Amino acid sequence: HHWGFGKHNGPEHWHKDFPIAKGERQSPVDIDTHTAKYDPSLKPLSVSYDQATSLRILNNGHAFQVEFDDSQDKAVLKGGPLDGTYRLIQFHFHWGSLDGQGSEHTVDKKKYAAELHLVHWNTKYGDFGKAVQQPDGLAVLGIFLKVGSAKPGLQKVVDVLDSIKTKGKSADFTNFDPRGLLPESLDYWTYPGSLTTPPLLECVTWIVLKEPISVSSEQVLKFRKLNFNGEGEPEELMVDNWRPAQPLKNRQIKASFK
Ligand SMILES: [Zn+2]
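Residues 3 to 260, numbered by full-length UniProt numbering, are exactly what the sequence shown covers, in order.
(1) Is it true that the stretch 177–192 meets the stretch 232–248, where meeting means three or more beta-carbon pairs spaced less than 8 Å apart?
(2) Taking all protein chains shown into account, decide if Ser258 is buried (16 or more other Cβ within 10 angstroms of its Cβ) or exposed.
(3) My output table needs one value for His17: the three-state DSSP class, helix, strand or coil.
(4) Can you grab the Cα-Cα spacing for the pair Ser219 / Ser165, in whole Å?
(5) Throw me the rounded Cβ distance for the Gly81 and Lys39 pair, which I believe falls under 8 Å.
(6) Counting C-beta neighbours from all protein chains within 10 Å, is the total for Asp110 16 or more, i.e. buried, or is it exposed?
(7) Please classify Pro214 as buried or exposed, where buried requires at least 16 other C-beta atoms within 10 Å of its C-beta.
(8) Of the choices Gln221, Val210, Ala116 and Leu197, whose alpha-carbon is the least far from that of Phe20?
(9) If I measure Cβ to Cβ from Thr37 and keep anything under 8 Å in the same chain, skipping five residues before and after, which residues do I get?
(10) Using the three-state DSSP reduction, which class does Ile255 fall into: helix, strand or coil?
(11) Is it the case that the stretch 100–115 contacts the stretch 17–31, given that we only count it when at least three CB pairs across the two stretches are under 8 Å?
(12) With three or more beta-carbon pairs closer than 8 Å as the criterion, would you say the stretch 122–131 touches the stretch 63–80?
(13) With a CB to CB cut of under 7 Å and the five nearest residues on each side skipped, what residues in its chain are close to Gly139?
(14) So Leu90 packs on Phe70, CB below 8 Å; how close in whole Å?
(15) Please tell me whether, using a cut-off of 7 Å, the distance from the CB of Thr207 to the nearest non-hydrogen atom of ligand 1 is below it.
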């Protein structure tokens, strides 16, 4: 009876196994655009993905994750609110059963159809496992998805999902360029928060882009054909794998733009 997104093990239950669920810097949060302060010290976000090396895509039982070779400085995030260099390790999404919900962060209470997380770890901690034990261990770049025109750069991801339908399935996924998932503007909000799946560690500097990317209805529909369950088990569609907004508590969200 482990954590999940069902009726008996979903986000409202997680605190029982992971008490930090009720912590002081939990994510996601609602971004109140009128309360976020423009910060004239925030540098432009530097995203250097030209040498990114994807390896594999995995159905991990709550989402799918595209993993990268992070053994060299190849795909790095720096600048913005960050000190130092953070290396890309994986990206994954959160999505809904319907276009009207699916994002984890919300903007003035608005829910998007999905949310992309590009997860990076602080190179000063040597690897991901050590980084998540530190308050500044991770930087996660969050990008909202809305349903409209197709995102061509996403299609290679959508087309491989049939091969990883059920929990535990993985597939070779090389030469995928995550630059094809970025919106035009890198304007962002930033605040200190946490992983949004257990163990919910409070190790993340969140950088959430203001500009959503558009994906097609057909693209998001294919996300919804994935399964939470393993092969040979009763079918449960992988939908609504998003944690709802958590109390902001003692935190200020800063904006890179006015
Ligand atoms: Zn996530």
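For each residue, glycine too, the CB sits at the ideal point set by N, CA and C.
From the atom records:
(1) Of all C-beta pairs linking the stretch 177–192 to the stretch 232–248, fewer than three are shorter than 8 Å, placing the two stretches out of contact.
(2) Burial of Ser258 is indicated by the presence of at least 16 other C-beta atoms within 10 angstroms of its C-beta.
(3) Here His17 sits in helix by DSSP.
(4) Their backbone Cα atoms lie some 20 Å apart in a straight line.
(5) The pair is not a contact, with the Cβ atoms about 19 Å apart (cut-off 8 Å).
(6) When all chains shown are included, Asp110 counts as exposed.
(7) Of the residues assessed, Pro214 falls on the buried side of the cut-off, its CB having 16 or more other CB atoms within 10 angstroms.
(8) Per the Cα distances, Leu197.
(9) The residues are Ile255.
(10) Here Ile255 sits in coil by DSSP.
(11) Output reads yes: the stretch 100–115 touches the stretch 17–31.
(12) Three or more beta-carbon pairs drawn from the stretch 122–131 and the stretch 63–80 are found closer than 8 Å, and the two stretches are therefore classed as touching.
(13) Excluding positions up to five away in sequence, the list reads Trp123, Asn124, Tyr127, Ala133 and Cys205.
(14) Under the criterion of beta carbons closer than 8 Å, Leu90 and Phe70 qualify as touching, at roughly 5 Å.
(15) Between ligand 1 and the CB of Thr207, the shortest heavy atom gap is not smaller than 7 Å.
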